[PDB]
Amino acid sequence: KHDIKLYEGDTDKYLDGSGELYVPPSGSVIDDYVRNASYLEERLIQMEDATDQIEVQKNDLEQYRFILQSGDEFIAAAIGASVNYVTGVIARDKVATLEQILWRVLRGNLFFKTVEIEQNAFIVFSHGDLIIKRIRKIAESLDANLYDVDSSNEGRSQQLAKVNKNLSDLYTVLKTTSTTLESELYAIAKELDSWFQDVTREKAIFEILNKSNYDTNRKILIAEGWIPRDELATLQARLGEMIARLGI
Amino acid sequence: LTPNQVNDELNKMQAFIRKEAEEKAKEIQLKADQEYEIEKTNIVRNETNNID
Amino acid sequence: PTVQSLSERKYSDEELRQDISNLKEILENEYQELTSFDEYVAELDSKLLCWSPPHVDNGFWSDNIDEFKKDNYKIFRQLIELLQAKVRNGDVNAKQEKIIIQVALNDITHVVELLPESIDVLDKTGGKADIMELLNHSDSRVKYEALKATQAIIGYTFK
Amino acid sequence: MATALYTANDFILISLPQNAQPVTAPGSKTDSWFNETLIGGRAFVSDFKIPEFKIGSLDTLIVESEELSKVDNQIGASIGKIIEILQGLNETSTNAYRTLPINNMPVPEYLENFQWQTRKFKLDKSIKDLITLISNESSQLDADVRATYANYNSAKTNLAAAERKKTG
Amino acid sequence: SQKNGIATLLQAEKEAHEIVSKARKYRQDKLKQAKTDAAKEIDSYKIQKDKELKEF
Amino acid sequence: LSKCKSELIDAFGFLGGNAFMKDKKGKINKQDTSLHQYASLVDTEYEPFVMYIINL
């Protein structure tokens, strides 16, 4: 999510600068750390899904805002339903041609072809209100975004006034989400590293104690000893060539 | 094609729409004349039976 | 939450384990096993609202939608009315009033996401506008809940 | 073609408005152009104007074109099968069964009096049912010739088998 | 002439709908007429059946 | 047949469309993906004027 690449660097020791800091000199309460991460994570995954959902709606609607406006002008009958218009974006005027051929040859001469430049090409076919099913099969099979009204905000007259107000609700909703996302990225970026290091040591602690029976039949000597709090720092700094030295 | 060519076809479009509809509309009103007579004979035969 | 975490990290002595398990069962059992309709009506009426184990579940809402209807989802409508009321009267970011808003907003997302007819209710009552202000109103949980409250509404208006 | 005609010619059917004009050599009447200009005057032009059909709607028109196309390939298919069965039988001529004048009357000549033939097809009937009748007729004929040949091929196997039993 | 043409096309479609609706309006009227033109034949039979009674 | 069809395409094709008349001598047939199609089923190029060719 954060757009951050994998951090490993493999430290349990408190001697070093980064050691002291990303790994506490305090003890390890395994429950506490798990909890710290679980709750933030629940918010974050919910957040990302939302961001994506909101972003796709805003993007569709922003694109087709202008589409319906252009189509209304090509004169007040595209807020109504006296005739059928097919609004649509297509990326190539080339594909527009092939559709025009299919159209003329085989369904007669019944299109009004108008076009507007987008950043795509805005194509307009206009057809009867009884032969609408037949235009869709043509449009769909060559892939065009030719729907009768590309906006789903049809529900008052003018239709464009409803489109404008959902684009108004969308644009701010999106803003807030992004704001929530940044601060949270900032906030747990540092923590994510510090927790990663913590966990490595938890996996080790269990292993030292023996958490399954293979660990018992692996090292048969288990000894006990006392290292005071300060010296504890230098004890993990060295590691032997076979020794796993417990912190706290 | 050119706007002119597309306007020749436009003219053709409203020609089609109008012609199939006049053709439809003649059949539609011809069923309406068969229906007038037939309904009229049916009301009458029912009623004279009652009067009888 | 504290008990559930404990259950994974048990202590060597058996008796300790027994106490962790027995306590875990009563707390959890007790809240869910009360009727869903009862809990919802009881909180809204008294005006004191707080999240709880079955009060945040998707199921709670699913069962309770139909029941609401008496005058076009009259109970749900009273809730939207409560969220609206709190913000305007007595201001916002006063301890009491702030607890209710986050809860009220959690409840309204689930209901809306569930039934598309709810969209009319936000518009008629005038709750839809109140939510837009709530994005702007301080505290992370409040703007978080408002964003969720908005995204559920949007999805049915424009797909 | 040069063996798939022996008394036929090959045909192009075209329809134009009565307002159409040629731009190959302007100023000419469409009728005059076909005779004089089209491939060195060698063109034999015949009338093929067929009268009106009832047409119910704009939607239904579209559906008619669909039927005309498929059936026409299907009938073309059916002629392919019949001709294949005649060759199979060892019926080959220099003027038949690979050309075959329609009813023993040259092919360009048949088309010249084809001004909508009536065999149970009527010019005051509805268009849809006529399309179906023509296609039904051909299909039934197609099944008949196929079915009879199947029995012919099977019958030949019995004779062949039996000839070895009597001496072989 | 682009939006002048579309509006003619648009008008073309209304004229077609009106042509169709006119034929449907005819039938509707013809349904009321069938009752009207049947009411005149019936009441002339009614007073004849009374005439031959006034005789008896 | 070919030379005949070409003299017709050039003569009458203009009515169909100014860009839709190309020179062709012999039946052009396409069937590669949905970018090239020729048939009465589906097409993206065809005869600009109405023409069917009949061969026995």
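Residues numbered from 1 in each chain as written, not as in the entry; some residues may be left out. Chains lettered and ligands numbered in written order. Part of a larger assembly, values for the part shown. Heavy atoms only, no water.

cryo-EM is the method the PDB entry states for this structure, with the resolution given as 7.6 Å.

**Examining the overall build of chain A**
Scanning chain A from terminus to terminus reveals seven helices and three strands. Starting at the N terminus and ending at the C terminus, chain A contains elements arranged as α-α-β-α-β-β-α-α-α-α. Here the C-alpha atoms of chain A give a radius of gyration of 32 Å, more than 25% beyond the 18 Å that 2.2 N^0.38 yields for 248 residues. Taken along the three principal axes of its C-alpha coordinates, chain A extends 95 × 35 × 25 Å. Evaluated residue by residue, chain A yields a buried proportion of 40% over its 248 residues. Roughly 14600 Å² of accessible area belongs to chain A as shown, and the carbon and sulfur atoms make up 55% of that amount. (Helix = DSSP H or I, 4+ residues; strand = E, 2+ residues; numbered from the N terminus. Rg over C-alpha atoms; globule rule 2.2 N^0.38 Å. Buried < 20%, exposed > 50% of the residue type's maximum accessible area, 1.4 Å probe, protein only. Areas by Shrake-Rupley, 256 points an atom, 1.4 Å probe, with all protein chains shown as cover.)

**Remarks on the interface of chain D and chain F**
Counting residues at the interface gives 26 residues for chain D and 20 residues for chain F. Each partner contributes to the roughly 2000 Å² buried at the junction of chain D and chain F, and carbon and sulfur atoms together form 75% of this total. In this structure, the connection of chain D to chain F is made through zero salt bridges. There are four residue pairs in polar contact connecting chain D and chain F. Of all elements in the fold, only β1 (11–14) and α1 (30–36) of chain D reach the threshold of two or more residues within the side of chain D that touches chain F. When residues of the side of chain D that touches chain F are assigned to their parent elements, the largest contribution, four residues, is made by β1(D). Partitioned by chemical class, the residues of the side of chain D that touches chain F number 15 nonpolar, eight polar and three charged. (Contact = heavy atoms within 4.5 Å. Buried area = accessible area lost by both parts, 1.4 Å probe. Salt bridge = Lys/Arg side-chain N within 4 Å of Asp/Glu carboxyl O. Polar contact = N/O pair within 3.5 Å; in protein donor to acceptor, adjacent residues only side chain to side chain. Nonpolar A, V, L, I, M, F, W, Y, C, P; charged D, E, K, R; others polar.)

**Points about unusual backbone geometry**
With an omega of 0°, the peptide bond between A:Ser157 and A:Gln158 qualifies as cis. Topologically, A:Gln158 is positioned in the loop between α4 (132–141) and α5 (159–209). Even without being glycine, C:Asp139 reaches a positive phi, approximately 85°. Looking at the secondary structure, you find C:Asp139 in the loop between α8 (127–136) and α9 (140–157). Under the relative-accessibility criterion, C:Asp139 is labelled partly exposed at 31%.

**Brief notes about a nonpolar patch on the surface**
Taken together, the side chains of D:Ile79, D:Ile82, D:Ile83 and D:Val145 define a hydrophobic patch exposed on the protein surface, amounting to about 290 Å² of accessible area. For the nonpolar patch, the element with the highest residue contribution is helix α2 (residues 58–89) of chain D, accounting for three residues. (Patch = residues over 30% accessible without salt bridge, like charges linked within 9 Å, V, L, I, M, F, W, Y side chains within 5 Å.)

**What to know about the interface of chain C and chain A**
The interface is formed by 20 residues belonging to chain C together with 26 residues belonging to chain A. Contact between chain C and chain A buries roughly 2100 Å² in total, counting both sides, with carbon and sulfur atoms accounting for 62%. Looking only at chain C, the three residues that lose the most surface to chain A are C:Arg9, C:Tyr144 and C:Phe158, adding up to 32% of its buried area. On inspection of chain C and its partner chain A, the count reaches one salt bridge. C:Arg9 is paired through a salt bridge with A:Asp31; the nearest N and O atoms lie 3.1 Å apart. At the boundary of chain C with chain A, the tally comes to two residue pairs in polar contact. Secondary-structure elements contributing two or more residues to the side of chain C that touches chain A are α1 (2–8), α8 and α9 of chain C. The element best represented in the side of chain C that touches chain A is α9(C), accounting for 10 residues.

**A few points about the environment of E:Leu9**
Assignment of secondary structure puts E:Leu9 in helix α1 (residues 2–55). Between the C-alpha atom of E:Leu9 and that of E:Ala23, which follows or precedes it by 14 residues, the distance is 22 Å. Once residues within four sequence positions are removed from consideration, E:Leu9 is found in contact with A:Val83, B:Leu10, B:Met13, B:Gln14 and B:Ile17.

**Examining the sheet that holds strand β3 (residues 121–127) of chain A**
By definition, the strands of a sheet pair up through backbone hydrogen bonds, in either a parallel or an antiparallel sense. Residue and element names in this part refer to chain A. Across the sheet, which stays open at both edges, the three strands sit in the order β1-β3-β2 with antiparallel pairing between neighbours. The open sheet has two edge strands with one neighbour each: β1 (84–90) and β2 (114–117). The average undirected angle you get between the axes of adjacent strands in this sheet is 20°. Of the pairings in the sheet, the one linking β1 to β3 comprises seven bridges and is antiparallel in character. Directly across from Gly 88, in β3, lies its bridge partner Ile 123. (Pairing = 2+ DSSP bridges. Axes fitted to C-alpha atoms, helices over the stretch in contact; angles between N-to-C directions.)

**Looking at the side chain of A:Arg134**
When you line up the elements, A:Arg134 lands in helix α4. Among residues more than four places away in sequence, those in contact with A:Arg134 are A:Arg107, D:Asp59, D:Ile62, D:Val63 and D:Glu66.

**Here we look at the arrangement of the chains**
Regarding chain C and chain E, the two do not touch, and the least distance separating their C-alpha atoms is 29 Å. No part of chain E reaches chain F; the closest C-alpha pair between them is 19 Å apart.

**Considering the UniProt feature "coiled-coil region" in chain A**
Within the UniProt annotation, "coiled-coil region" is assigned to residues 40–68 of chain A. Between the first and last C-alpha atoms of residues 40–68 of chain A the distance is 42 Å; the span itself is 100% helix and 0% strand. (UniProt positions renumbered as here; feature names shortened; annotations may be inferred.)

**Some remarks on the nonpolar core**
Ranked by size, the top nonpolar core spans 54 residues in total, and within it C:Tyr40, C:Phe68, C:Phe76 and C:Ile108 carry the most contacts. Each residue touching C:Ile108, except ones within four places of it in the same chain, is listed here: C:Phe76, C:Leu79, C:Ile80, C:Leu83, C:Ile131 and C:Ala149. Residues A:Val83, A:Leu110, B:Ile17 and E:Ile19 belong to the second largest nonpolar core, which totals 19 residues. (Core = buried A, V, L, I, M, F, W, Y, C linked by side-chain atoms within 4.5 Å.)

**Focus on the packing of aromatic side chains**
As enumerated under the stated definition, the model contains 16 aromatic pairs over all chains in all. Judged by centre distance (6.1 Å) and plane angle (20°), the ring pair of A:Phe74 and A:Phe122 falls under stacked. Looking at A:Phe74, the relative accessible area reads 17%, which means it is buried. Aromatic rings pair up to connect C:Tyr40, C:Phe60, C:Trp61, C:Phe68 and C:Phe76 into one cluster. We note A:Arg43 situated over the ring of C:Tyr144; from NZ or CZ to the ring centre the distance is 5.5 Å. Cation over ring: A:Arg65 sits above A:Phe66, and NZ or CZ is 5.4 Å from the ring centre. (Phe/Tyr/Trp six-rings, centres within 6.5 Å; stacked < 30°, edge-to-face > 60°. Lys NZ or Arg CZ within 6 Å of the ring centre and 35° of its normal.)

**A word on the pairing of β1(A)**
Among the seven residues of β1(A), seven are classified as buried, and the element is accordingly described as predominantly covered. Along β1(A), one buried face is formed by A:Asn84, A:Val86, A:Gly88 and A:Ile90 and the opposite face, lined by A:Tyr85, A:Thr87 and A:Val89, is buried too.

**Here we look at the pattern of salt bridges**
Tallied over the full model, the rule gives 23 salt bridges over all chains. Across the pair A:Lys133 and D:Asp59 runs a salt bridge, and its minimum N-O distance is 2.9 Å. Highlighted residues: A:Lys133 in helix α4 and D:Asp59 in helix α2, drawn from two different chains.

**Digging into the side chain of C:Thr109**
Mapped onto the elements of the fold, C:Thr109 is located in helix α6 (residues 95–114). Apart from residues no more than four positions distant in its own chain, C:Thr109 is found in contact with C:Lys148, C:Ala149 and C:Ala152.

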